[PDB]
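A.B. asks: This is final.cif (mmCIF, C-alpha atoms).
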```cif
data_coords
loop_
_atom_site.label_atom_id
_atom_site.label_comp_id
_atom_site.auth_asym_id
_atom_site.auth_seq_id
_atom_site.Cartn_x
_atom_site.Cartn_y
_atom_site.Cartn_z
CA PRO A 1 49.29 135.56 135.93
CA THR A 2 51.81 133.06 134.59
CA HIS A 3 53.39 132.18 137.95
CA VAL A 4 51.85 132.40 141.40
CA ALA A 5 53.30 131.72 144.85
CA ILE A 6 51.35 132.25 148.06
CA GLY A 7 52.92 131.58 151.42
CA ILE A 8 50.75 130.07 154.10
CA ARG A 9 51.51 129.78 157.82
CA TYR A 10 49.71 127.61 160.33
CA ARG A 11 51.31 126.47 163.57
CA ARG A 12 48.61 124.86 165.68
CA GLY A 13 48.26 127.01 168.81
CA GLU A 14 49.81 130.24 167.53
CA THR A 15 47.43 130.75 164.62
CA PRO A 16 43.64 130.29 164.98
CA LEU A 17 43.53 130.40 161.19
CA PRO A 18 46.13 129.82 158.44
CA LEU A 19 47.67 133.14 157.62
CA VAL A 20 49.19 134.46 154.40
CA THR A 21 52.90 135.27 154.70
CA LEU A 22 53.60 136.35 151.11
CA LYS A 23 52.05 136.83 147.70
CA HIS A 24 54.21 136.86 144.57
CA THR A 25 53.77 136.46 140.85
CA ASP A 26 56.07 135.88 137.92
CA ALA A 27 59.81 136.13 138.57
CA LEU A 28 59.41 136.70 142.32
CA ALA A 29 57.04 133.73 142.48
CA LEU A 30 59.79 131.54 141.03
CA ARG A 31 62.34 133.07 143.41
CA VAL A 32 60.05 132.13 146.25
CA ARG A 33 59.95 128.54 145.05
CA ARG A 34 63.67 128.25 144.77
CA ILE A 35 64.16 129.74 148.22
CA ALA A 36 61.50 127.36 149.55
CA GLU A 37 63.49 124.37 148.29
CA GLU A 38 66.55 125.71 150.17
CA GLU A 39 64.58 126.29 153.33
CA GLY A 40 62.71 122.98 153.39
CA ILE A 41 59.37 124.69 152.78
CA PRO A 42 56.98 122.41 150.85
CA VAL A 43 55.71 123.84 147.58
CA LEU A 44 52.34 122.46 146.64
CA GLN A 45 50.53 123.07 143.37
CA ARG A 46 46.93 124.03 143.96
CA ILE A 47 45.86 126.08 140.95
CA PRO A 48 42.29 127.11 141.74
CA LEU A 49 43.32 127.92 145.35
CA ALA A 50 46.48 129.81 144.28
CA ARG A 51 44.41 131.94 141.87
CA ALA A 52 41.76 132.58 144.51
CA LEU A 53 44.37 133.30 147.20
CA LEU A 54 46.09 135.72 144.90
CA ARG A 55 42.84 137.61 144.35
CA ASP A 56 41.27 137.47 147.83
CA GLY A 57 44.12 136.74 150.31
CA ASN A 58 45.97 139.54 152.09
CA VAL A 59 49.49 139.38 153.55
CA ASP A 60 49.72 139.00 157.35
CA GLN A 61 45.96 138.40 157.55
CA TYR A 62 43.97 135.23 158.02
CA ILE A 63 42.71 133.42 154.93
CA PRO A 64 39.26 134.26 153.58
CA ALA A 65 36.41 132.15 154.87
CA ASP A 66 35.79 131.02 151.26
CA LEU A 67 39.27 129.45 151.18
CA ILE A 68 39.16 127.63 154.51
CA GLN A 69 38.09 124.39 152.86
CA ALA A 70 40.76 124.45 150.15
CA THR A 71 43.54 125.55 152.53
CA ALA A 72 42.71 122.77 154.95
CA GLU A 73 43.13 120.27 152.09
CA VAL A 74 46.62 121.53 151.38
CA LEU A 75 47.72 121.24 154.98
CA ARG A 76 45.87 117.94 155.32
CA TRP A 77 47.73 116.51 152.32
CA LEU A 78 51.05 117.08 154.12
CA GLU A 79 50.09 115.30 157.39
CA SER B 1 45.66 154.48 157.79
CA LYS B 2 45.83 152.10 154.79
CA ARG B 3 49.51 152.96 155.03
CA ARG B 4 49.74 151.61 158.57
CA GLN B 5 49.26 147.98 157.66
CA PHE B 6 51.89 148.36 154.93
CA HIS B 7 54.44 149.84 157.33
CA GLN B 8 53.73 147.16 159.91
CA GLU B 9 54.07 144.57 157.19
CA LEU B 10 57.29 146.09 155.95
CA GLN B 11 59.21 144.84 158.96
CA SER B 12 60.63 141.91 157.00
CA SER B 13 64.28 142.22 155.97
CA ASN B 14 64.39 139.37 153.52
CA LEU B 15 62.28 137.62 150.96
CA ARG B 16 63.89 134.48 152.45
CA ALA B 17 62.66 135.61 155.82
CA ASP B 18 59.04 135.52 154.58
CA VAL B 19 59.59 132.17 152.87
CA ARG B 20 60.95 130.81 156.13
CA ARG B 21 57.93 132.10 158.07
CA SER B 22 55.81 129.83 155.82
CA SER B 23 54.52 126.34 156.55
CA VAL B 24 53.72 125.74 152.89
CA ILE B 25 53.83 127.56 149.57
CA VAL B 26 50.81 127.29 147.38
CA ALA B 27 51.68 127.55 143.73
CA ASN B 28 49.85 127.25 140.40
#
```
As a first step, turn the structure in this file into structure tokens.

C.D. replies:
Amino acid sequence: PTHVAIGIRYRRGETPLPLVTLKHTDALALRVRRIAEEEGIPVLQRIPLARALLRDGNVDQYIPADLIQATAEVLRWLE
Amino acid sequence: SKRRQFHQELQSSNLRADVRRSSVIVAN
């Protein structure tokens, strides 16, 4: 799964839960990261979460309950 | 059907569009 890029959205008030916006691997995952630089979107490395998100997370749906803890940490780190 | 979510989801013109929707990208 060499490269992984999961997009997460949470704007407090619009989303009750963080919601997956995109899931990409390999070349598209790298394309996502380069676009994210150009758009001012922070790219955080969270390997166990990224792997889990890849497997469990579904685009345009809220994050799994199992990944609420780990997703909070990501957002929390950026505060 | 299972196709309905996909169609609904496929109202996104750009990869950049989806990246811009995002608050944060989680990578490995």

A.B. asks: Write out as a Markdown table the residues of chain B that have any atom within 9 Å of an atom of segment 29-53 of chain A, one row each with the nearest atom pair and its distance in Å to one decimal, counting only C-alpha atoms, sorted by chain and then rising number.

C.D. replies:
```
| residue | atom | partner | partner_atom | distance |
| --- | --- | --- | --- | --- |
| B:15 | CA | A:32 | CA | 7.6 |
| B:16 | CA | A:35 | CA | 6.4 |
| B:19 | CA | A:36 | CA | 6.1 |
| B:20 | CA | A:39 | CA | 6.4 |
| B:22 | CA | A:41 | CA | 7.0 |
| B:23 | CA | A:41 | CA | 6.4 |
| B:24 | CA | A:42 | CA | 5.1 |
| B:25 | CA | A:43 | CA | 4.6 |
| B:26 | CA | A:44 | CA | 5.1 |
| B:27 | CA | A:45 | CA | 4.6 |
| B:28 | CA | A:47 | CA | 4.2 |
```

A.B. asks: The PyMOL selection byres ((chain A and resi 60-65) around 12) - which residues does that actually catch in the file I just gave you? List them as a VMD selection string.

C.D. replies: (chain A and resid 6 to 10 15 to 23 49 to 50 52 to 59 66 to 72) or (chain B and resid 5 to 12 18 21 to 22)

A.B. asks: Rounded to one decimal, what separation in Å do you get between atom CA of residue 2 of chain A and atom CA of residue 26 of chain A?

C.D. replies: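 Computing it gives 6.1 Å between the two atoms.
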
A.B. asks: Which value, in Å to one decimal, gives the distance between atom CA of residue 28 of chain A and atom CA of residue 5 of chain A?

C.D. replies: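 Atom CA of residue 5 of chain A lies 8.3 Å from atom CA of residue 28 of chain A.
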
A.B. asks: At what distance in Å, to one decimal, does atom CA of residue 3 of chain A lie from atom CA of residue 14 of chain B?

C.D. replies: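 Spanning atom CA of residue 14 of chain B to atom CA of residue 3 of chain A is a straight-line distance of 20.4 Å.
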